[PDB]
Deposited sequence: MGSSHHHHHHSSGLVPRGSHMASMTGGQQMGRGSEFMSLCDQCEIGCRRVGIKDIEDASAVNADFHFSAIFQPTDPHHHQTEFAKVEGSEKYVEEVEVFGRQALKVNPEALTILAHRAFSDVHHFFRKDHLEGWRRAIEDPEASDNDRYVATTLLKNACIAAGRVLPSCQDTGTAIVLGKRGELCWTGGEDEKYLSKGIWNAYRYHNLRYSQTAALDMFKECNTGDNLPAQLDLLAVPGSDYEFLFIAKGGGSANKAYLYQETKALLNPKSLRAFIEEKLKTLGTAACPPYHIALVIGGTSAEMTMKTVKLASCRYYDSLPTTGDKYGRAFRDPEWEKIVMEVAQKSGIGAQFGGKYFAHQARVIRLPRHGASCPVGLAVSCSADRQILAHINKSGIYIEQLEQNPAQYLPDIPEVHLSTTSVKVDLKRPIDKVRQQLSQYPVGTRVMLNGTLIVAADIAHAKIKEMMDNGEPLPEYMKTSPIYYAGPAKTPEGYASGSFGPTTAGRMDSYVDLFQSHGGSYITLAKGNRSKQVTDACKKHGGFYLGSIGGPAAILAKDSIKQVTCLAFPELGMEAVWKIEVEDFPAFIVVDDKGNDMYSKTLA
């Protein structure tokens, strides 16, 4: 009467649908042997270093076909908005810059995440995590990436680790003698849009589930640089299993799952509800960041078994920096997923002078409604999460709001490392909403009247800008390479250099595109679509 059924039964468990290239001469790192009558694989652990170094280098310069196809779809669809096409064209041109292998596609070169599956008879020496970490260390150290990891010295005292370590190393024990990997360079912004809901059987009917999806998709907003790969997981054996499944779904790792359930509780992809998610995404009007049809590239919906008392639900996205790479080591050597190296084949406003008193810039901006396209020329002051917290702390101790918060628009950003002979590394905006609790405070103290970032913000910012005569300008989210190549002409560290990329910067920019999202009158260009 006992029948074993694995929850996950992909028809393509080794990802044969993916194209792989072999690292030249890597067969020298492996040797097939036969021990106690079973075939086994000896792996020089240096192969893990070589593979991780290659994976976390290439993933920042190339994309998968299904990602690039989505941007072209937004450009060619007659039903796409002008803003849909403008954003998708900008992201494809950004991918073209990044394919030059110098500038990463996004300033946020992400957290290094390894899902590894070591066969029972795959022998590495056992030091997999150190050797993988060294390859990750090599990738971020010797390329123009960014150190994004924040170490906690105590509960509140933090410092940057200076090398983008630690990685998330999930190494699983599996049958066989191979070593299979999924590498993810996961941006912080899309990682923040991984949501867990604790639901009940009352959700599990067509009307309630549809209303749920419409409600939750809006809470993603534009804060993770859509078009999104949207993943939705209904059920699961625990919260962490639900959240792991929705992460992997967003990486299209479970695309070959079955599409029907059975009495043993196996996972399945549900294509009908993927279609409903896409229809909700399109009919929402949120669009590719600034209103339109292309809120989403595509959807993945996986139904899981559940404890009778439980219904965990996971919602997660892959952002414009859609960065994952499959790989495996076998008796022939190291194989790594081949990404698209010619993204160019997928390609089918008000000038605002900042070199004036800030009050004159505010007056010019006041003349236009939300949704106006602007082009910034001049100085921006760069300050993100930690700078804002330090500045607020200064003011709480009676110190004045610093002068550099009062002279120029505030660009929420953290740059990647500058290539030799370049004016700037990749330097796109960070999510504006995380700074929302500072706006009214800083504006009441005479600064931060104009902010520049990406993502929809909360109502408190709209009230602050109306009360104080402020503005929030929405940059396009994602195109960090073309912004650095075309717009950013000078970068200087201004304050808090110990913060690394989270220091305060002063940059000179030209032809920096943005939208007026919040004006000084109580208007918000997202108030209709993200009510």
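Which segments of the deposited sequence lack C-alpha coordinates in the modelled structure, numbering from residue 1?
Seq positions lacking coordinates: 1 to 63, 412 to 421.
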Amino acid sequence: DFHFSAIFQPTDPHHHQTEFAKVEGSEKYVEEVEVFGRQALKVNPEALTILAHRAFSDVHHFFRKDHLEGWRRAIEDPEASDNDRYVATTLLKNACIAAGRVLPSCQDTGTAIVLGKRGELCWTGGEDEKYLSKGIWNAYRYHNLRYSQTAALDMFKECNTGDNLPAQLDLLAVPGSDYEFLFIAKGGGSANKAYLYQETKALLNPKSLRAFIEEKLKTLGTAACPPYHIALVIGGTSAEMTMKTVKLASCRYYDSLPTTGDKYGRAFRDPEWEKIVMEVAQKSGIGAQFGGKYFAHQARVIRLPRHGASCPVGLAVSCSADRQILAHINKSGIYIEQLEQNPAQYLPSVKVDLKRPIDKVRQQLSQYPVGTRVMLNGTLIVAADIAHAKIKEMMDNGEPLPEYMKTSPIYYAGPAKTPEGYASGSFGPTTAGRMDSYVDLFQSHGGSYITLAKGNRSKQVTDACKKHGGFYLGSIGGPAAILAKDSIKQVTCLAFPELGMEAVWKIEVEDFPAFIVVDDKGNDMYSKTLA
From here on, numbers count along this sequence of modelled residues.
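Going by the B-factors listed in the PDB entry, is the mean over the C-alpha atoms higher for 269 to 277 or for 240 to 248?
So the stretch with the higher mean C-alpha B-factor is 269 to 277.
For the higher mean C-alpha B factor in the entry, choose 318 to 326 or 404 to 412.
Higher mean C-alpha B-factor in the PDB entry: 404 to 412.
When the CA B-factors of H229, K459, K360, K117 are compared as recorded in the entry, which is the largest?
Largest recorded C-alpha B-factor: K360.
Kindly indicate the residue among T430, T219, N397, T150 with the greatest C-alpha B-factor in the PDB record.
That would be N397.
Ranking every modelled residue in this chain by its Cα temperature factor as given in the entry, which third contains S284?
Top third by C-alpha B-factor.
Among the modelled residues of this chain, does the Cα B factor of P206 put it in the lowest, middle or highest third?
For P206, the deposited C-alpha B-factor lands in the highest third.
How does the C-alpha B factor of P13 compare with the rest of the chain: lowest, middle or highest third?
For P13, whose C-alpha B-factor we compare with every modelled residue in the chain, the answer is the middle third.
Taking the chain's C-alpha temperature factors as the reference, tell me which third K454 falls into: lowest, middle or highest.
Its C-alpha B-factor, which the entry lists for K454, ranks in the middle third among residues of this chain.
Using the temperature factors of the C-alpha atoms in this entry, rank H468 within its chain: lowest, middle or highest third.
It falls in the middle third of the chain.
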